[PDB]
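Trainee: Quick one: structure below, then a few questions.
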Amino acid sequence: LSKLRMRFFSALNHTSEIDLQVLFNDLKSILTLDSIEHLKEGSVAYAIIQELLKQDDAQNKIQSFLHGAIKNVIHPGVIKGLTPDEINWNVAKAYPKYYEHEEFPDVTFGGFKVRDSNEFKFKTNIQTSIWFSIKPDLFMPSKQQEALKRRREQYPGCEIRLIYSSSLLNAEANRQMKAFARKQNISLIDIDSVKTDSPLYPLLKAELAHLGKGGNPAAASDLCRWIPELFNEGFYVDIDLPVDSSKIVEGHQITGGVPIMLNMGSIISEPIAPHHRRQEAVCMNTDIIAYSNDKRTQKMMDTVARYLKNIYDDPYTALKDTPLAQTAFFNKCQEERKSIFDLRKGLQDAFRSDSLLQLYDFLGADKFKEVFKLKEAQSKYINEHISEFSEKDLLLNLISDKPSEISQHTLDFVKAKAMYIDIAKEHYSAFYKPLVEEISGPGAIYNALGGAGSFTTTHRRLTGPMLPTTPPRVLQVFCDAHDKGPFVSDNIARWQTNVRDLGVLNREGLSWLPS
Ligand SMILES: O=c1ccn([C@@H]2O[C@H](COP(=O)(O)OP(=O)(O)O)[C@@H](O)[C@H]2O)c(=O)[nH]1
Ligand SMILES: OC[C@H]1O[C@@H](O)[C@H](O)[C@@H](O)[C@@H]1O
Ligand SMILES: [Mn+2]
């Protein structure tokens with residue numbers, strides 16, 4: 001009985017406003033150590049009990065409350081793999097007069113109205129990762145190999161699947177991949193051989209075929225995540241994500257309110273005048289995705305795939321608000337209907353050119369003026385004469401708005417050029433990253449899922465136990481694969497991060513940005 005009794009008394013705060021021993025005696029039949037966690041302070045049950053304590057007939061009312069709550073809500077919840085938050089909502093919903101609350105709101109996520117029924121089930125012990133190599137002689141770098149060996153030990157008995165492309169590897173590298181998979185007991189999937197009707201399949205093959213000419217392996221990996229033949233159960237996880245073994249659950253099953261969950265969090269803004277309202281914006285990432293065994297997973301997946309397909313048919317709209325949209329190069333590509341690959345390749349080429357003239361032609365008058373912080377007169381002059389400039393003409397007009405005043409006989413032109421090229425190159429990654437993120441990645445996915453702004457919301461202070469009564473709370477409780485799954489990611493903010501506390505994200509990430 002014995003320390004269960006002692007846990008029970010502690011959970012109920014050793015109150016003598018009722019007799020706990022007598023209560024325990026009538027509950028000893030259904031009480032378990034697991035259900036006690038859901039009775040402690042911070043729980044809905046606890047709060048309900050504190051209110052019953054202040055009314056007549058507390059002994060009896062509490063006993064019937066507890067017996068029903070445990071038998072019908074908490075115990076079945078624990079066995080299903082429900083979280084403490086999901087259990088709390090189920091108790092409040094089952095006892096609406098003991099615990100008054102707002103309605104569960106209508107929230108659309110990927111075309112699905114989010115449900116509070118816990119009906120979607122997910123396996124946490126099946127995990128799929130992706131590695132497409134850009135070096136034909138290296139099947140996978142050591143970092144990622146060691147991540148995989150480590151995952152085997154932090155999550156024993158998990159099924160690891162690995163997607164790769166044999167066409168990217170030479171004979172020997174391919175043999176080494178297969179040998180690595182044999183040694184690690186990994187299920188190896190060759191994307192080259194996958195049979196699918198997905199519209200994403202030729203796009204991912206094109207990304208891989210364009211490596212070295214504007215393709216990107218993270219983009220190909222992004223696309224794989226939304227093909228039903230590859231993902232219909234378990235989790236997708238970025239290959240080097242660690243497992244927090246304390247987050248592993250007994251049955252290796254969790255539930256959600258939608259058929260596909262992923263990594264979510266949120267940022268709360270500072271209070272804005274005049275009403276001091278703070279705003280909560282939900283963040284999302286695709287480094288952790290959980291797919292339900294339910295067949296409705298295929299419908300959500302096809303909604304996303306169609307959105308992605310539309311983006312590849314016309315990337316210029318998806319990119320309209322990114323930094324690259326401000327450049328003459330971007331406008332030129334758009335007018336010429338260049339592919340996303342020609343767009344990425346032109347950017348990379350501009351930045352290895354070493355030419356200030358080529359840089360100007362790439363950026364265009366306005367972006368050039370802002371990059372180099374030029375005065376209006378200096379910018380107008382350049383724009384008006386650049387059609388007859390040498391590299392030296394341009395460099396002199398960058399150094400001074402009175403090129404004549406400059407003692408060229410003391411100037412180091414090589415150093416000066418390098419300096420200006422350098423300033424421009426600090427912009428490369430802000431130009432490039434969106435060419436993946438807004439195309440196949442989390443920016444495109446966030447839009448495909450209704451996102452975002454549909455969930456943006458205005459923020460309210462929590463008073464008691466958290467409940468899914470506002471859109472962000474519905475997402476947190478029912479649609480987030482991060483907190484309830486076994487993996488941990490530093491890519492985006494965790495839930496309800498005050499903006500001042502954001503910190504640096506993805507400290508050691510970004511393997512996919514070409515040098
Ligand atoms: O050379 C590469 C680089 C990246 N990736 C894929 O792209 C994913 C994301 O890479 P990373 O975690 O570095 O991106 P981040 O999460 O830091 O934005 C990896 O998990 C792989 O699936 C790949 O296949 N080959
Ligand atoms: O889309 C490019 C990358 O974006 C990152 O934020 C995700 O963590 C990666 O999984 C993804 O490949
Ligand atoms: Mn990552």
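We label chains A, B, ... in the order they appear in the structure tokens, count residues from 1 in each chain, and number ligands from 1 in the order shown.
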Applying 12 Å and only C-alpha atoms, which residues near residue 240 of chain A remain after dropping the ones on its own chain fewer than 6 positions away? List them as an NGL selection string.

Mentor: :A and (128-131 or 140-152 or 287-288 or 487-490 or 508-511)

Trainee: Within 12 Å of residue 276 of chain A, counting only C-alpha atoms, which residues show up once you throw out same-chain ones fewer than 5 positions away? Write them as an NGL selection string, please.

Mentor: :A and (269-271 or 458-460)

Trainee: Write the selection just made, keeping N, CA, C and O atoms, as a PDB file, in the first residue's frame?

Mentor:
ATOM      1  N   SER A 269       5.975  38.615 -27.582  1.00  0.00           N
ATOM      2  CA  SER A 269       6.562  39.930 -27.819  1.00  0.00           C
ATOM      3  C   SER A 269       6.534  40.766 -26.543  1.00  0.00           C
ATOM      4  O   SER A 269       5.872  40.401 -25.568  1.00  0.00           O
ATOM      5  N   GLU A 270       7.258  41.879 -26.536  1.00  0.00           N
ATOM      6  CA  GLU A 270       7.108  42.853 -25.455  1.00  0.00           C
ATOM      7  C   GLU A 270       5.716  43.479 -25.564  1.00  0.00           C
ATOM      8  O   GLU A 270       5.092  43.429 -26.625  1.00  0.00           O
ATOM      9  N   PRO A 271       5.208  44.044 -24.459  1.00  0.00           N
ATOM     10  CA  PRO A 271       3.927  44.766 -24.458  1.00  0.00           C
ATOM     11  C   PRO A 271       3.937  45.989 -25.389  1.00  0.00           C
ATOM     12  O   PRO A 271       4.869  46.774 -25.349  1.00  0.00           O
ATOM     13  N   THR A 458      -3.008  36.902 -29.746  1.00  0.00           N
ATOM     14  CA  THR A 458      -2.572  37.780 -28.651  1.00  0.00           C
ATOM     15  C   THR A 458      -2.480  37.000 -27.334  1.00  0.00           C
ATOM     16  O   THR A 458      -3.322  36.160 -27.030  1.00  0.00           O
ATOM     17  N   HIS A 459      -1.449  37.283 -26.550  1.00  0.00           N
ATOM     18  CA  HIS A 459      -1.078  36.411 -25.452  1.00  0.00           C
ATOM     19  C   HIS A 459      -1.770  36.752 -24.140  1.00  0.00           C
ATOM     20  O   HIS A 459      -1.974  37.918 -23.823  1.00  0.00           O
ATOM     21  N   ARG A 460      -2.112  35.724 -23.367  1.00  0.00           N
ATOM     22  CA  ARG A 460      -2.697  35.932 -22.045  1.00  0.00           C
ATOM     23  C   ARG A 460      -1.944  35.173 -20.945  1.00  0.00           C
ATOM     24  O   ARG A 460      -1.448  34.067 -21.160  1.00  0.00           O
TER      25      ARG A 460
END

Trainee: Which of these, A:377, A:412, A:163, A:428, has the shortest distance to residue 363 of chain A once you count only C-alpha atoms?

Mentor: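 Ranked by minimum distance to residue 363 of chain A, first place goes to A:428.
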
Trainee: Can you tell me, as a list in words, what residues are no more than 10 Å from segment 379-385 of chain A when counting only C-alpha atoms, ignoring any on the same chain fewer than 2 positions away?

Mentor: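 Final neighbour list, sorted by chain and number: residues 360, 364, 365, 366, 368, 369, 370, 372, 373, 374, 375, 376, 377, 387, 388, 389, 393, 394, 397, 398 and 401 of chain A.
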
Trainee: Save out the residues we just selected, N, CA, C and O atoms, as a PDB file, in the first residue's frame.

Mentor:
ATOM      1  N   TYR A 360      27.956  44.660 -58.589  1.00  0.00           N
ATOM      2  CA  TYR A 360      26.987  45.715 -58.887  1.00  0.00           C
ATOM      3  C   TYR A 360      25.881  45.195 -59.809  1.00  0.00           C
ATOM      4  O   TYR A 360      24.701  45.415 -59.553  1.00  0.00           O
ATOM      5  N   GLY A 364      22.132  45.278 -58.272  1.00  0.00           N
ATOM      6  CA  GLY A 364      21.317  46.380 -58.773  1.00  0.00           C
ATOM      7  C   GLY A 364      21.579  47.658 -57.991  1.00  0.00           C
ATOM      8  O   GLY A 364      22.134  47.625 -56.898  1.00  0.00           O
ATOM      9  N   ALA A 365      21.183  48.791 -58.559  1.00  0.00           N
ATOM     10  CA  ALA A 365      21.450  50.098 -57.958  1.00  0.00           C
ATOM     11  C   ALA A 365      21.077  50.200 -56.472  1.00  0.00           C
ATOM     12  O   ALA A 365      21.906  50.580 -55.649  1.00  0.00           O
ATOM     13  N   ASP A 366      19.837  49.867 -56.131  1.00  0.00           N
ATOM     14  CA  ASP A 366      19.318  50.113 -54.768  1.00  0.00           C
ATOM     15  C   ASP A 366      19.938  49.247 -53.687  1.00  0.00           C
ATOM     16  O   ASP A 366      20.350  49.749 -52.638  1.00  0.00           O
ATOM     17  N   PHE A 368      22.746  47.704 -53.968  1.00  0.00           N
ATOM     18  CA  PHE A 368      24.170  48.093 -53.928  1.00  0.00           C
ATOM     19  C   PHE A 368      24.363  49.307 -53.003  1.00  0.00           C
ATOM     20  O   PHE A 368      25.259  49.335 -52.153  1.00  0.00           O
ATOM     21  N   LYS A 369      23.511  50.311 -53.174  1.00  0.00           N
ATOM     22  CA  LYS A 369      23.552  51.493 -52.317  1.00  0.00           C
ATOM     23  C   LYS A 369      23.415  51.144 -50.832  1.00  0.00           C
ATOM     24  O   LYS A 369      24.111  51.711 -49.990  1.00  0.00           O
ATOM     25  N   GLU A 370      22.531  50.212 -50.494  1.00  0.00           N
ATOM     26  CA  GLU A 370      22.373  49.867 -49.077  1.00  0.00           C
ATOM     27  C   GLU A 370      23.507  48.992 -48.531  1.00  0.00           C
ATOM     28  O   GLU A 370      24.017  49.244 -47.428  1.00  0.00           O
ATOM     29  N   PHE A 372      26.625  48.954 -49.376  1.00  0.00           N
ATOM     30  CA  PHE A 372      27.814  49.774 -49.163  1.00  0.00           C
ATOM     31  C   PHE A 372      27.511  51.111 -48.478  1.00  0.00           C
ATOM     32  O   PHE A 372      28.380  51.971 -48.347  1.00  0.00           O
ATOM     33  N   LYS A 373      26.266  51.264 -48.044  1.00  0.00           N
ATOM     34  CA  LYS A 373      25.817  52.468 -47.368  1.00  0.00           C
ATOM     35  C   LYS A 373      26.274  53.729 -48.079  1.00  0.00           C
ATOM     36  O   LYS A 373      26.950  54.565 -47.487  1.00  0.00           O
ATOM     37  N   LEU A 374      25.890  53.880 -49.342  1.00  0.00           N
ATOM     38  CA  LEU A 374      26.344  55.008 -50.150  1.00  0.00           C
ATOM     39  C   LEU A 374      25.423  56.209 -49.976  1.00  0.00           C
ATOM     40  O   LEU A 374      24.225  56.049 -49.742  1.00  0.00           O
ATOM     41  N   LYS A 375      25.986  57.410 -50.113  1.00  0.00           N
ATOM     42  CA  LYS A 375      25.202  58.639 -50.104  1.00  0.00           C
ATOM     43  C   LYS A 375      24.466  58.768 -51.426  1.00  0.00           C
ATOM     44  O   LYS A 375      24.898  58.208 -52.434  1.00  0.00           O
ATOM     45  N   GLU A 376      23.347  59.488 -51.427  1.00  0.00           N
ATOM     46  CA  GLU A 376      22.484  59.510 -52.602  1.00  0.00           C
ATOM     47  C   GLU A 376      23.183  60.017 -53.856  1.00  0.00           C
ATOM     48  O   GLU A 376      22.913  59.528 -54.957  1.00  0.00           O
ATOM     49  N   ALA A 377      24.068  60.997 -53.686  1.00  0.00           N
ATOM     50  CA  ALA A 377      24.757  61.623 -54.819  1.00  0.00           C
ATOM     51  C   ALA A 377      25.772  60.667 -55.426  1.00  0.00           C
ATOM     52  O   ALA A 377      25.882  60.540 -56.644  1.00  0.00           O
ATOM     53  N   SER A 387      27.905  52.212 -66.789  1.00  0.00           N
ATOM     54  CA  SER A 387      27.997  51.655 -68.128  1.00  0.00           C
ATOM     55  C   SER A 387      29.312  52.021 -68.850  1.00  0.00           C
ATOM     56  O   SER A 387      29.560  51.556 -69.955  1.00  0.00           O
ATOM     57  N   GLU A 388      30.150  52.837 -68.225  1.00  0.00           N
ATOM     58  CA  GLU A 388      31.466  53.137 -68.773  1.00  0.00           C
ATOM     59  C   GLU A 388      32.532  53.064 -67.692  1.00  0.00           C
ATOM     60  O   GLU A 388      33.550  53.735 -67.783  1.00  0.00           O
ATOM     61  N   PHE A 389      32.303  52.248 -66.665  1.00  0.00           N
ATOM     62  CA  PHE A 389      33.244  52.140 -65.549  1.00  0.00           C
ATOM     63  C   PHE A 389      34.175  50.965 -65.774  1.00  0.00           C
ATOM     64  O   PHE A 389      33.781  49.967 -66.373  1.00  0.00           O
ATOM     65  N   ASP A 393      37.409  52.461 -61.601  1.00  0.00           N
ATOM     66  CA  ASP A 393      36.391  53.509 -61.493  1.00  0.00           C
ATOM     67  C   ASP A 393      35.396  53.206 -60.366  1.00  0.00           C
ATOM     68  O   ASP A 393      35.121  54.053 -59.521  1.00  0.00           O
ATOM     69  N   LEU A 394      34.835  52.001 -60.371  1.00  0.00           N
ATOM     70  CA  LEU A 394      33.865  51.628 -59.349  1.00  0.00           C
ATOM     71  C   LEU A 394      34.492  51.646 -57.944  1.00  0.00           C
ATOM     72  O   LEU A 394      33.885  52.160 -57.004  1.00  0.00           O
ATOM     73  N   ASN A 397      34.993  55.247 -56.606  1.00  0.00           N
ATOM     74  CA  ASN A 397      33.712  55.840 -56.218  1.00  0.00           C
ATOM     75  C   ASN A 397      33.099  55.203 -54.974  1.00  0.00           C
ATOM     76  O   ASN A 397      32.161  55.753 -54.399  1.00  0.00           O
ATOM     77  N   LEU A 398      33.609  54.037 -54.578  1.00  0.00           N
ATOM     78  CA  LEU A 398      33.190  53.400 -53.324  1.00  0.00           C
ATOM     79  C   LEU A 398      33.961  53.985 -52.159  1.00  0.00           C
ATOM     80  O   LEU A 398      33.422  54.197 -51.079  1.00  0.00           O
ATOM     81  N   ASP A 401      33.208  59.892 -52.323  1.00  0.00           N
ATOM     82  CA  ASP A 401      32.292  60.633 -53.178  1.00  0.00           C
ATOM     83  C   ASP A 401      33.018  61.759 -53.928  1.00  0.00           C
ATOM     84  O   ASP A 401      32.410  62.484 -54.710  1.00  0.00           O
TER      85      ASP A 401
END

Trainee: Please give the complete set of residues from segment 241-408 of chain A that DSSP, run on the backbone, assigns to helix (DSSP H, G or I), formatted as a PyMOL selection string.

Mentor: chain A and resi 245-247+296-313+315-318+323-326+328-336+340-352+356-371+376-388+391-399

Trainee: Would you pick out the contacts of residue 122 of chain A at 9 Å or less, using only C-alpha atoms, so that residues sharing its chain but fewer than 4 positions from it are not included, and give the list as an mmCIF file with N, CA and C atoms, in the first residue's frame?

Mentor:
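Written out: around-v9.cif:
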data_model
loop_
_atom_site.group_PDB
_atom_site.id
_atom_site.type_symbol
_atom_site.label_atom_id
_atom_site.label_comp_id
_atom_site.auth_asym_id
_atom_site.auth_seq_id
_atom_site.Cartn_x
_atom_site.Cartn_y
_atom_site.Cartn_z
ATOM 1 N N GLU A 233 4.729 6.212 -40.769
ATOM 2 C CA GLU A 233 4.676 5.840 -39.366
ATOM 3 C C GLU A 233 5.965 6.252 -38.696
ATOM 4 N N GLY A 234 5.947 6.318 -37.368
ATOM 5 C CA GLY A 234 7.091 6.823 -36.616
ATOM 6 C C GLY A 234 7.451 8.285 -36.863
ATOM 7 N N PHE A 235 8.726 8.584 -36.686
ATOM 8 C CA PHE A 235 9.244 9.937 -36.713
ATOM 9 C C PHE A 235 10.218 10.114 -37.868
ATOM 10 N N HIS A 252 6.151 3.303 -25.868
ATOM 11 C CA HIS A 252 6.666 3.819 -27.142
ATOM 12 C C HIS A 252 5.559 4.354 -28.035
ATOM 13 N N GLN A 253 4.505 4.879 -27.423
ATOM 14 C CA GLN A 253 3.426 5.481 -28.185
ATOM 15 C C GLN A 253 2.968 6.778 -27.541
ATOM 16 N N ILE A 254 2.745 7.783 -28.380
ATOM 17 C CA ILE A 254 2.156 9.058 -27.968
ATOM 18 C C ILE A 254 0.941 9.330 -28.871
ATOM 19 N N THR A 255 0.143 10.343 -28.548
ATOM 20 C CA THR A 255 -1.041 10.657 -29.336
ATOM 21 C C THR A 255 -1.037 12.137 -29.675
ATOM 22 N N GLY A 256 -1.911 12.530 -30.589
ATOM 23 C CA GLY A 256 -2.067 13.937 -30.957
ATOM 24 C C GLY A 256 -3.460 14.186 -31.499
ATOM 25 N N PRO A 259 -2.948 14.193 -37.640
ATOM 26 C CA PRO A 259 -2.236 13.009 -38.131
ATOM 27 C C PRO A 259 -0.733 13.192 -38.322
ATOM 28 N N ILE A 260 -0.293 14.442 -38.389
ATOM 29 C CA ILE A 260 1.122 14.736 -38.511
ATOM 30 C C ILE A 260 1.449 15.850 -37.541
ATOM 31 N N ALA A 290 6.367 13.729 -36.640
ATOM 32 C CA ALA A 290 5.769 12.451 -36.238
ATOM 33 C C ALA A 290 4.574 12.140 -37.140
ATOM 34 N N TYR A 291 4.534 10.934 -37.686
ATOM 35 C CA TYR A 291 3.487 10.544 -38.622
ATOM 36 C C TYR A 291 2.618 9.444 -37.992
ATOM 37 N N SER A 292 1.310 9.667 -37.955
ATOM 38 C CA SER A 292 0.366 8.718 -37.376
ATOM 39 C C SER A 292 0.122 7.535 -38.300
ATOM 40 N N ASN A 293 -0.089 6.361 -37.713
ATOM 41 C CA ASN A 293 -0.415 5.179 -38.489
ATOM 42 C C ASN A 293 -1.792 5.332 -39.168
ATOM 43 N N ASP A 294 -2.571 6.313 -38.722
ATOM 44 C CA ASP A 294 -3.875 6.625 -39.326
ATOM 45 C C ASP A 294 -3.769 6.976 -40.809
#

Trainee: Listing only residues of chain A within 12 Å of ligand 2, what is the closest atom pair and its distance in Å (to one decimal) for each, using only C-alpha atoms and all ligand atoms, sorted by chain and residue number ascending, as a tab-separated table?

Mentor:
residue	atom	partner	partner_atom_place_in_ligand_line	distance
A:129	CA	ligand 2	10 (O)	9.9
A:130	CA	ligand 2	10 (O)	9.6
A:131	CA	ligand 2	12 (O)	10.6
A:132	CA	ligand 2	12 (O)	11.3
A:216	CA	ligand 2	2 (C)	9.3
A:217	CA	ligand 2	12 (O)	8.2
A:218	CA	ligand 2	12 (O)	4.4
A:219	CA	ligand 2	1 (O)	5.9
A:220	CA	ligand 2	12 (O)	8.3
A:221	CA	ligand 2	12 (O)	6.2
A:222	CA	ligand 2	12 (O)	5.1
A:223	CA	ligand 2	12 (O)	8.9
A:224	CA	ligand 2	12 (O)	10.2
A:225	CA	ligand 2	10 (O)	9.5
A:236	CA	ligand 2	10 (O)	9.4
A:237	CA	ligand 2	10 (O)	7.8
A:238	CA	ligand 2	10 (O)	5.5
A:239	CA	ligand 2	10 (O)	8.8
A:240	CA	ligand 2	10 (O)	10.2
A:241	CA	ligand 2	8 (O)	9.7
A:262	CA	ligand 2	8 (O)	11.0
A:263	CA	ligand 2	8 (O)	9.3
A:264	CA	ligand 2	8 (O)	11.6
A:283	CA	ligand 2	6 (O)	10.8
A:284	CA	ligand 2	6 (O)	8.7
A:285	CA	ligand 2	6 (O)	5.7
A:286	CA	ligand 2	10 (O)	5.2
A:287	CA	ligand 2	10 (O)	4.1
A:288	CA	ligand 2	10 (O)	7.7
A:289	CA	ligand 2	10 (O)	9.6
A:432	CA	ligand 2	2 (C)	10.9
A:433	CA	ligand 2	2 (C)	7.7
A:434	CA	ligand 2	1 (O)	8.4
A:435	CA	ligand 2	1 (O)	8.9
A:436	CA	ligand 2	1 (O)	5.3
A:437	CA	ligand 2	1 (O)	4.3
A:438	CA	ligand 2	1 (O)	7.7
A:439	CA	ligand 2	1 (O)	7.8
A:440	CA	ligand 2	1 (O)	5.9
A:441	CA	ligand 2	1 (O)	3.3
A:442	CA	ligand 2	1 (O)	5.7
A:443	CA	ligand 2	1 (O)	7.8
A:444	CA	ligand 2	1 (O)	8.6
A:445	CA	ligand 2	1 (O)	9.1
A:446	CA	ligand 2	1 (O)	11.2
A:488	CA	ligand 2	8 (O)	11.7
A:489	CA	ligand 2	8 (O)	8.5
A:490	CA	ligand 2	8 (O)	9.2
A:491	CA	ligand 2	8 (O)	6.3
A:492	CA	ligand 2	6 (O)	8.0
A:493	CA	ligand 2	6 (O)	11.8
A:505	CA	ligand 2	6 (O)	10.0
A:506	CA	ligand 2	6 (O)	8.4
A:507	CA	ligand 2	8 (O)	11.8
A:508	CA	ligand 2	8 (O)	11.6
A:509	CA	ligand 2	8 (O)	8.3
A:510	CA	ligand 2	5 (C)	7.5
A:511	CA	ligand 2	3 (C)	9.2
A:512	CA	ligand 2	2 (C)	7.7
A:513	CA	ligand 2	2 (C)	9.3

Trainee: I'd like the contact shell of segment 49-61 of chain A - 12 Å cut-off, only C-alpha atoms, skipping same-chain residues fewer than 6 positions apart - returned as a PyMOL selection string.

Mentor: chain A and resi 11-13+15-24+26+39-43+67-69+91+95+97-100

Trainee: Write out as a PDB file with N, CA and C atoms, in the first residue's frame the residues lying within 7 Å of segment 209-214 of chain A, counting only C-alpha atoms and excluding same-chain residues fewer than 6 positions away.

Mentor:
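Written file, result_19.pdb:
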ATOM      1  N   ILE A 134      27.156  15.110 -50.772  1.00  0.00           N
ATOM      2  CA  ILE A 134      27.633  15.910 -51.902  1.00  0.00           C
ATOM      3  C   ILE A 134      29.073  15.561 -52.300  1.00  0.00           C
ATOM      4  N   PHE A 341      17.087  26.226 -59.208  1.00  0.00           N
ATOM      5  CA  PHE A 341      18.503  25.860 -59.312  1.00  0.00           C
ATOM      6  C   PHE A 341      19.380  26.957 -59.968  1.00  0.00           C
ATOM      7  N   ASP A 342      18.895  27.538 -61.063  1.00  0.00           N
ATOM      8  CA  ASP A 342      19.613  28.632 -61.728  1.00  0.00           C
ATOM      9  C   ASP A 342      19.701  29.860 -60.811  1.00  0.00           C
ATOM     10  N   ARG A 344      19.791  29.744 -57.367  1.00  0.00           N
ATOM     11  CA  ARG A 344      20.793  29.477 -56.337  1.00  0.00           C
ATOM     12  C   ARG A 344      22.209  29.518 -56.909  1.00  0.00           C
ATOM     13  N   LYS A 345      22.378  28.972 -58.108  1.00  0.00           N
ATOM     14  CA  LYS A 345      23.691  28.910 -58.749  1.00  0.00           C
ATOM     15  C   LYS A 345      24.232  30.310 -59.100  1.00  0.00           C
TER      16      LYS A 345
END

Trainee: Using atom CA of residue 479 of chain A and atom CA of residue 466 of chain A as the two end points, give the distance in Å to one decimal.

Mentor: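 These atoms are spaced 15.1 Å apart.
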
Trainee: Do a neighbour search on residue 316 of chain A at 12 Å with only C-alpha atoms, toss out local chain neighbours closer than 6 positions, and write the hits as a list in words.

Mentor: residues 310, 322, 324, 325, 326, 329, 330, 331, 332, 333, 334, 335, 336, 337, 338, 339, 340, 343, 434, 435, 438 and 439 of chain A

Trainee: Looking at A:396, A:411, A:323, A:215, which one is nearest to residue 371 of chain A, with distances taken over only C-alpha atoms?

Mentor: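 Selected residue with least distance to residue 371 of chain A: A:323.
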
Trainee: For ligand 3, which residue out of A:503, A:167, A:228, A:242 is the nearest one, using only C-alpha atoms and all ligand atoms?

Mentor: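 Among the listed residues, the smallest separation from ligand 3 belongs to A:242.
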
Trainee: What's the separation between atom CA of residue 348 of chain A and atom CA of residue 515 of chain A, in Å to one decimal place?

Mentor: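 About the pair atom CA of residue 348 of chain A and atom CA of residue 515 of chain A: they are 8.6 Å apart.
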